[PDB]
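# Inside the fold
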Amino acid sequence: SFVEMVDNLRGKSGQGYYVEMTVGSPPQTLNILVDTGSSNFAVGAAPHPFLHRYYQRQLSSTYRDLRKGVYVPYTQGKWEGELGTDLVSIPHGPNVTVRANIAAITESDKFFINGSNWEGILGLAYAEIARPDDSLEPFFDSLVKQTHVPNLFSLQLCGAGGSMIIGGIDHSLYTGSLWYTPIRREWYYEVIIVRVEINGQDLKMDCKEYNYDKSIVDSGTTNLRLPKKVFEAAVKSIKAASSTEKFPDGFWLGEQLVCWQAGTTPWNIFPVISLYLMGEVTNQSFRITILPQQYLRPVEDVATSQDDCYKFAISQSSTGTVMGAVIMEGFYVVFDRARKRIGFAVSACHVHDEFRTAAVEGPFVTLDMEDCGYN
Ligand SMILES: CCCCNC(=O)[C@H](C)C[C@H](O)[C@@H]1CSC/C=C/CS[C@H]2CCCN[C@H]2C(=O)N[C@@H](C)C(=O)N1
């Protein structure tokens, strides 16, 4: 019955992907950012320059105050608000209504984005990273406890809408086989990267470096984010491969955007990136390959040029690897919480390089994969 959920997401990589939800009685409609990197369901509940609408607890007969405050910091942005519960539904999701925890956001900093068209956030990860603590049941945990919806969801983010299939896998959204990697621990959607190659060349780092201090799958982050040492090794490699042309160093910091005459972008000089993920059987892994069309994010020209301009969508991290939206775009990603694994497959909405193709390939053999986990 998943066909009704296809295309239930709007938005872009750089603006966030959001789904429509309703809260309260009578139902109030809000667009909610879908975020696998956190575990709090929160909505603007007070006026804000960037909000065209918000949650009004006074208008809902089913609202219940929990008389407790809450604060949530992200890599960027933060808000504080008031905990309560209310009835929640997803119009283009399963046909159910659940009582869910909701943080009513009363104050925020660098959280809401001007003209993003969303007014809240849906944290899809586990209770362990919920604020104020893990006793605040996350939305998806509530959905699964209160209804018959199976304990999984999948995401198909399409670059330049998407689909969130709640409760299953829709086989028409991907081609080829699904490959699965264990969820290392149920807090973030944490996985283990066991090898990295660039244009077929092994970075040859201690694989612990790739997962220092963790690696997570996050639909709510735009970029691929890498630990300092890995980020430096990657950028060095990508520079050398594209040394044909000259780029400002502010470009490699994701600040300045480079441009080319419409339809003349030299994709071929940028390397593919292969991330190998721990697999499901002993000494086995598989790889996802990223095309430049993914880590060069298209942006509006700062001038009156009909040129194609891009930003470098790989950035340095001090909190581990983040596989963000630009990586998830062009894969179908299955968050199989029931079997503690995450699946990847080539998306039906993948980008078309002329001579290269984004791919999910296996099996590969990799000795000692356990040693790649950071402790
Ligand atoms: C409370 C413990 C869990 C905290 N989890 C995290 O911080 C995750 C690692 C990151 C989150 O997934 C977090 C959720 S979105 C918060 C809004 C930012 C405005 S910018 C945000 C929305 C527009 C598109 N770019 C996005 C982005 O790129 N956000 C990164 C920068 C980020 O921060 N994402």
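Residues numbered from 1 in each chain as written, not as in the entry; some residues may be left out. Heavy atoms only, no water.

For this deposition, the record names X-ray crystallography as the technique by which the model was determined and cites 2.300 Å as its resolution.

## Here's the deal with the nonpolar core
Counting 99 residues, the largest nonpolar core has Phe41, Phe139, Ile288, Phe312 and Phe344 as the members making the most contacts within it. When residues are assigned to domains, this core turns out to be shared by domain 1 (17–149) and domain 2 (150–375), each giving three or more. Apart from the residues lying within four places of it in its own chain, the contact partners of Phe312 are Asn223, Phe231, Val235, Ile238, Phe251, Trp252, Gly254, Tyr295 and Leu296. If you look at the next biggest cluster of nonpolar residues, it comprises 15 residues, including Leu33, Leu51, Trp79 and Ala103. (Core = buried A, V, L, I, M, F, W, Y, C linked by side-chain atoms within 4.5 Å. Buried < 20%, exposed > 50% of the residue type's maximum accessible area, 1.4 Å probe, protein only. Domains from an automatic or database assignment. Contact = heavy atoms within 4.5 Å.)

## Topic: the UniProt feature "disulfide bond" in the chain
Regarding the annotated cystine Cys158-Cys349, the two sulfur atoms come within 2.0 Å of each other, below 2.5 Å, so the disulfide is formed in this entry. Accessibility expressed as a relative area gives 17% for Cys158, which makes it buried. According to the relative accessible area criterion, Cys349 is partly exposed, its value standing at 23%. In textbook terms, a disulfide joins two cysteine sulfur atoms at less than 2.5 Å, and UniProt's bridge between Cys259 and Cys309 fits this description with an S to S distance of 2.0 Å. Here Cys259 is found in strand β16 (residues 258–260), whereas its partner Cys309 is found in strand β20 (residues 308–312), with 50 residues between them in sequence. Given a relative accessible area of 32%, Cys259 falls into the partly exposed group. (Disulfide = S-S within 2.5 Å. UniProt positions renumbered as here; feature names shortened; annotations may be inferred. Helix = DSSP H or I, 4+ residues; strand = E, 2+ residues; numbered from the N terminus.)

## Here's the deal with the site of the ligand
Near the ligand, the surroundings consist of 23 residues, among which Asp35, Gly37, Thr75, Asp218 and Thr222 are the closest. One of the backbone nitrogen or oxygen atoms of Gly220 is found 3.2 Å away from a nitrogen atom of the ligand. Within the side chain of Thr222, one N or O atom sits 3.0 Å away from a nitrogen atom of the ligand. The fraction of the free accessible surface of the ligand (730 Å²) that becomes covered by protein chains is 91%. Elements supplying a minimum of two residues to the shell around the ligand: β3 (28–35) and β5 (64–73). For the shell around the ligand, the residue count by class is 10 nonpolar, 10 polar and 3 charged. Viewed by domain, the shell around the ligand spans two of them, domain 1 (17–149) and domain 2 (150–375), each represented by three or more residues. (Near = heavy atom within 4 Å. Polar contact = N/O pair within 3.5 Å; in protein donor to acceptor, adjacent residues only side chain to side chain. Areas by Shrake-Rupley, 256 points an atom, 1.4 Å probe, with all protein chains shown as cover. Nonpolar A, V, L, I, M, F, W, Y, C, P; charged D, E, K, R; others polar.)

## With respect to the sheet that holds strand β15 (residues 224–227)
What the 4 strands build is an open sheet, ordered β14-β22-β15-β21; its pairing is mixed. Pairing within the sheet leaves two strands with one partner each, and these edge strands are β14 (215–217) and β21 (314–317). Adjacent strand axes in the sheet meet at a mean angle of 25 degrees, parallel and antiparallel pairs treated alike. Relative to strand β22 (residues 321–323), β15 is paired through 2 bridges, and the arrangement is antiparallel. Counted as the bridge partner of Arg225 is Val322 from β22. The strands touched by helix α2 (residues 228–241) are β15 and β21; relative to β15, the strand with the most contacts, the crossing angle is about 115 degrees. (Pairing = 2+ DSSP bridges. Axes fitted to C-alpha atoms, helices over the stretch in contact; angles between N-to-C directions.)

## Focus: the pattern of salt bridges
In this structure the tally under the stated criterion is 12 salt bridges. Of the charged contacts, one joins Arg337 and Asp141 as a salt bridge, the two residues approaching to 3.5 Å between their closest N and O atoms. Given a relative accessible area of 22%, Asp141 falls into the partly exposed group. Of the charged contacts, one joins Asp213 and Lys214 as a salt bridge, the two residues approaching to 3.8 Å between their closest N and O atoms. Residue classification places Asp213 among the partly exposed positions, given a relative accessible area of 35%. (Salt bridge = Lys/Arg side-chain N within 4 Å of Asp/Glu carboxyl O.)

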